[PDB]
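Protein chains in written order, with the entry's author numbering: chain A, 524 to 571; chain B, 103 to 203; chain C, 1 to 21, 46 to 203; chain D, 1 to 377; chain E, 1 to 346, 386 to 432.
No residue lacks a Cβ here, since even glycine has one placed at the ideal position from N, Cα and C.
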Amino acid sequence: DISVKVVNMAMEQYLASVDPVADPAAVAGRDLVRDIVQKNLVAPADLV
Amino acid sequence: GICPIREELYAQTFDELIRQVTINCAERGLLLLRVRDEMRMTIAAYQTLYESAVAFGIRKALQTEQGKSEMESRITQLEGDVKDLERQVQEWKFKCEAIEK
Amino acid sequence: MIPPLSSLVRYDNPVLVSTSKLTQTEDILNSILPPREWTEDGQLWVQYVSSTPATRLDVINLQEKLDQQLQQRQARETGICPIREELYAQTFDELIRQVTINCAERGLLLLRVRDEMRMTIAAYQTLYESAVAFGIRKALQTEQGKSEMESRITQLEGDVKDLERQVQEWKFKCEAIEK
Amino acid sequence: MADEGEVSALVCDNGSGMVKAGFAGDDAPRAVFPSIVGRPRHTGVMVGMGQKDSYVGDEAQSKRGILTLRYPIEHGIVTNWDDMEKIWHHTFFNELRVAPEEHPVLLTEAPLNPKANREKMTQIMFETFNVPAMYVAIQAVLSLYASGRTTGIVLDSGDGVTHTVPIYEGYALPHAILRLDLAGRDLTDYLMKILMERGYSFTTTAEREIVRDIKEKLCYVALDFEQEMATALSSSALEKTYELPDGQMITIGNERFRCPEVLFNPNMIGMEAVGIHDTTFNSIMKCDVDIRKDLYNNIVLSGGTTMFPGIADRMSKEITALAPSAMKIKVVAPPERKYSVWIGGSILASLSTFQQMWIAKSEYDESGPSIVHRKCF
Amino acid sequence: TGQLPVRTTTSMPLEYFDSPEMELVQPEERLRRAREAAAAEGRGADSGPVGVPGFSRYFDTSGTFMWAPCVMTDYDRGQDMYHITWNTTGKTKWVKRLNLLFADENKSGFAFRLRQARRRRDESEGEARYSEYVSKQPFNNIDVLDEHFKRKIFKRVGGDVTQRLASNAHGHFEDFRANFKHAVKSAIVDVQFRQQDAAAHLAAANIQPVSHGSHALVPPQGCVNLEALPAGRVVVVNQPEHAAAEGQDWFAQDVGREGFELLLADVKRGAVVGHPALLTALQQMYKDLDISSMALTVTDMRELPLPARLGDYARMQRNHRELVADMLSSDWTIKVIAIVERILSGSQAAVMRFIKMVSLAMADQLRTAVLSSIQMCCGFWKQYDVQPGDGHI
């Protein structure tokens, strides 16, 4: 955060990180990525 | 700029002042009446030509949409051919695969 | 150097501000109706505005001058022509002059009406010009849009020949495999 | 600014559900009309050289029988940009007598407008219109300028769209800006819907404005909807016999309050959504937790539909139920909700801080349409 | 009935004017309904072929116009023309919808449409007569509109726009000169409207006086009324933690017109946009400090040929993430810290809000950067998003 080095300490108070509770865009991105991964885990599964 | 309130109010003022110019002399009142009529006629001609310019602009607003949309359809065909090019790339990959095989 | 052009705005014999090789109202009228001046022979000769009264006879003279000059200048009562516009403006300037001699505040009121209505006219002319310019600009935008979209047509043709060449390339690859 | 007379950037308030226009500096607009465009349906009718190819606004509505009605803007997003160019041309030279070539413009848009939209009007205003300069501000940010303070979530609910724009010291919080799509357009639709229940059909175009103005004038809002059912069943005082010039006794009973209550009970009409109070609540809950305490305490209403008595009463009551005993709420709604953006835009232009905002045409051509990025943040 | 005026082949027809937006329903849909009704009711003798009986031109008896119900077969939308077959008369001819309809159609609305169509016919007839009569008069006016002005506007447009194509489109400008002349002639007619002599001279041709209309009663003030609409209602509901007393948590306030310059000065002294130097400082910080461009995974996989082994994949992404963290998390933090230290030194509530918004602006940049990185990681996995047609082929 700015106030970490404006007053020059190791302050714990940073900008509130991306909350999975209240970021539907991030949650949808997670669902899309995991769905794609599970989709591409099928063809190697039976081709071998 | 342009304001109708000021022009109508000034017209009323000059119409009232015709009384004063007539008190000065009757022939002066007649001359002011005639010149007022003529200059009102001229300003009416000017507003009419302004409305003609308005008509020109409005007419020019919609003289081109026909062709514009008609071959914005052509642009749609263009991105369709781009997709066709993507298909060509895919089939090129498929054929070069057999080449390597 | 500037001969005094014909004008129904009545004037005096040109006065001297260069020589040779009362109440606030006269100052107001002289300021508002500016003298037309020429530097004849390097000495400015200023033609002062008229300041003598007008009577019924003078009104008759100015009316007759209006009527004749409209004819020999071939103005048009109908429509708009600059000849009639400037003649009527000159007659209105004599009216301003005489009403300033009569009652200065009345002349000032005429001056305000005159200022506001000519600025209205100038606004009308400028707005007409702007509207025409905007329409022509839209026409140009259409024309260059047409150019860009015809270039798109050309790009379609290029893509088509690309498709043809790629099909031929696939045919060559298949023939090579068979060989 | 006005040392030799200031040609201020004229305010074109592309409002929530209606279009406003006028000179920046005025206390009220000068041109108002709906966002409807009427194109001549057939070509054999226009014979002569005084033809009108686009009747604008109420001209389109009044002449709809010979015109193709297309609304070029949906929810503050322009769909037919060419139509709006005709609107801009008509607005200037037929409602203000101004020249876009010389008169600067300030542009309004829906909050969180995609910058491609600002880019394309920028290219149209400079290549197709050739404006001298242009600056863009978010509609609700302009609305908050009329709130008297730099902070506030503008709960804008207009005629066709509803927005919640968290703003705190001027710049809008874009992450928590929420938009709802039920407004006076749908309120008119439902008010008609509950009037067929009164034995009088209202769907015709002429009857559309019949209910439209009635909605804008006679619509009050239930402080407690269930209480008003009791009032409706136990009394006929709500049932007013409004009269139209044609002659008819419309009986407006429970319709007097249920239509604006849809803003809090959307599913009564069939539209599936949460109430504006719920949308207002979640929007602030999507903000920074710390600043929320004044955000509810700075709820500002806008939109031309919201003169309805009791709407702020019901809005606060629904908020009061939602808000737990740890909060601080202030629903503000001064009598400029129809015109907060227009007044705010004129206020912003009147600032001498407007001096460091122009997009010069030469700079625009030097930097392309992305100049809106470089001068509007 | 003889309300129909003198109809001429060279006259403007009513077919184009026919309103589709105040008329009840579509004619093709009306015939689909008629066909369904015929199928259901077994029609064919009660109303003949498809279509409920509706009036026609005459009763086949007199020259003047009547309204005679008949029997019709079908209709095609292309020609806007119905086919009919009289009940007692086997004649089969094609008619317009202007006379034909169904008995199920509201006769009140049908009469409404007919009368408004007659009014539109009269209006268009007057307009056409006036336009034709403008052509007769001569002129002596000048035409300021010229190719010089058109080329001036061309060059004023300038750039790649003006000098691209300037060859073919000149044709319309010459006809626009004739438009200028037509407008001048119309203005002259408007001038001749003044004296009764000219007005009575022109009224002998059954032409009615129609004016464009610009001398309307000017309203007092163009400023839209402010307090005419009901005055604004402000309702305040605090909470037991932030209330003032018990029993007045419902604060209702009404305010009339508010000062323009009052709120202008409020914004000027409080808002960042109000503070000139602070405004441009905030602008340059919001615009120049674009940290969302750099992301947290690699899309350039040309350091190693495809396919990619998971080990080098993870190595390159880890190194890139660390390097981007180096340029952002500490670097940009120190930069904005120095910037804030400079700006905050040159109302108290407004200043506190502005600092909170500086912090919220780096928070917004944080959110945008992380969301952009999430979406472009999704795009990294979608670079080979298995589209239909290829089942992992």
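| Asked | Found |
| --- | --- |
| Residues in the stretch 111-131 of chain D having any Cβ partner in chain C nearer than 9 Å | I124, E127, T128, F129 and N130 |
| Between the CA atoms of D/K63 and D/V211 - distance to the nearest angstrom | 19 Å |
| Backbone secondary structure at D/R39 - three-state DSSP | strand |
| Backbone CA spacing between D/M46 and E/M12 [nearest angstrom] | 10 Å |
| Cβ-based burial, D/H42 [other Cβ within 10 Å; buried from 16] | exposed |
| Short CB-CB distance (under 8 Å) between A/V571 and chain E | no |
| Coil, strand or helix - A/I559 by DSSP | helix |
| Buried or exposed by the 16-neighbour rule on C-beta atoms within 10 Å, applied to E/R342 | exposed |
| E/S214 versus E/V409, E/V237, E/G232 and E/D190, residue with shortest Cα-Cα distance | E/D190 |
| 8 Å Cβ shell around D/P266 - same chain, five flanking residues per side excluded | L182, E272, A273, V274 and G275 |
| Inter-stretch contact (C-beta, 8 Å, three-pair minimum) for the stretch 158-173 of chain D and the stretch 116-133 of chain D | no |
| Cβ-based burial, E/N225 [other Cβ within 10 Å; buried from 16] | exposed |
| Within chain B, partners of E/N168 - CB distance below 9 Å | Residues of chain B passing the Cβ test: none, with the nearest at roughly 13 Å. |
| DSSP-derived helix/strand/coil call for D/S235 | coil |
| Supposed contact pair D/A31 and D/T91 - C-beta distance, whole angstroms, cut 8 Å | 6 Å |
| Outcome for D/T164 when other beta-carbon atoms lying within 10 angstroms are tallied against a minimum of 16 | buried |
| Opening and closing residue of the alpha helix (DSSP H) in which E/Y313 lies | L310 to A325 |
| CB of B/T150 within 8 Å of CB of E/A187, strictly | yes |
| Between the CA atoms of D/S367 and E/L344 - distance to the nearest angstrom | 32 Å |
| Three-way DSSP call (helix, strand, coil) for D/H75 in this model | coil |
| For C/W62, the three-state DSSP class (helix, strand or coil) | strand |
| One or two residues paired with E/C70 in a DSSP bridge | E/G54 |
| is_contact[E/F17, chain B] using C-beta, thresh 8 Å | no |
| Where E/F180 falls: helix, strand or coil (DSSP) | helix |
| Rounded distance between the beta-carbons of E/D143 and E/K185, thought under 8 Å | Their Cβ separation, rounded to whole angstroms, is 12 Å, which puts E/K185 and E/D143 out of contact at 8 Å. |
| Cβ-based burial, E/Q79 [other Cβ within 10 Å; buried from 16] | exposed |
| Burial state of E/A388, where buried means 16 or more other Cβ atoms lie within 10 Å | exposed |
| Limits of the unbroken alpha helix (DSSP H) element including D/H373 | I371 to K375 |
| Close-in-space but distant-in-sequence residues of the same chain around E/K93 (CB under 8 Å, 5 per side omitted) | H83 and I84 |
| Partners in chain D for B/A157, counting only beta-carbon separations shorter than 8 Å | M49, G50, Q51 and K52 |
| Partner residues on chain A for E/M401, Cβ-Cβ distance less than 9 Å | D524, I525 and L538 |
| 8 Å Cβ cutoff, E/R177 in contact with chain C | no |
| Range of the contiguous beta strand (DSSP E) that encloses E/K155 | E/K155 -> not in any beta strand (DSSP E); alpha helix (DSSP H) instead, spanning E147 to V157. |
| E/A338 to E/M401 span [Cα, whole Å] | 14 Å |
| Cβ pair count under 8 Å reaching 3, the stretch 120-138 of chain C against the stretch 70-79 of chain C | yes |
| Contact list for the stretch 79-107 of chain D against chain E, Cβ threshold 8 Å | none |
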